[PDB]
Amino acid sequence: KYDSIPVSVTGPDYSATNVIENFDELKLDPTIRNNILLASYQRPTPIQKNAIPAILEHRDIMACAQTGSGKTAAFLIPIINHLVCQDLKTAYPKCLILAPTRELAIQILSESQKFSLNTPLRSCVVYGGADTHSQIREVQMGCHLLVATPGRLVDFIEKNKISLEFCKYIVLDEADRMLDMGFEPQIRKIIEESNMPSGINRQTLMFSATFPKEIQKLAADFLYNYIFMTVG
């Protein structure tokens, strides 16, 4: 009736030791951004305890973790909080999140909105399908944060609706799913062929439930001295 479930974790590789957290309070961030509690985040999930500090240190990351482990919050909290602490036609996202499906993309936009409550942050989403209101959302509050599928992003970029010349934070959610769906061309395009800030000017984070050879490569081509962490 009462026992502990053991969840395996491993997150070492470079200049990074036990810098983990246990409470969200262990972290410094805008009092309002503590919309985290209203979002029902009571404590840090394993992936968040090991990845948030790393992310907060401007480090790239290759995190293996499945859906339902707190992944989304892990990469939106540090980023959204940073953008809000600087508090505020073609759009120029400051952060980009790449998702496989419109479903994931919508869920991520929603969490971001939850975390953005009563903040100047403008979040936008773009995905294949039938919706030109995405065009207007993009024309409007040229979101500081964008959630999109690789193909539609490319369409919007090629149509000069969206520019990544100021995008310094990028996340590939469910990376394995995107390669399987055949998005590597788009991701390669978006990442290395779209004038997106490079080198120490960009922080790239990767999340995948699985770690195939292709994802091991993607990681080799795109992350820099990345921290590898796995949960489960």
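In this text, residue numbers run from 1 along the sequence as written.
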{"query": "Interval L88-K89, deposited residues with no coordinates in the entry (none, 1 to 3, 4 to 9, 10 or more)", "finding": "4 to 9"}
{"query": "Given 65-73 and 23-31, the range whose Cα B-factors average higher in the PDB entry", "finding": "23-31"}
{"query": "95-103 set against 155-163, stretch whose average Cα temperature factor tops the other in the entry", "finding": "155-163"}
{"query": "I136, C124, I108, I80, ranked by C-alpha B-factor: the highest one", "finding": "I136"}
{"query": "Selection by C-alpha B-factor (highest) of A130, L145, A148, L117", "finding": "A130"}
{"query": "Relative C-alpha B-factor of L179, binned into the chain's lowest, middle or highest third", "finding": "middle"}
{"query": "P46 - which third its CA temperature factor falls in, relative to the rest of the chain", "finding": "lowest"}
{"query": "Lowest, middle or highest third - CA B-factor, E57", "finding": "middle"}
{"query": "Third assignment of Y224 from its chain's C-alpha B-factors", "finding": "lowest"}
{"query": "Within-chain third of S40 by Cα B-factor, per the entry", "finding": "lowest"}
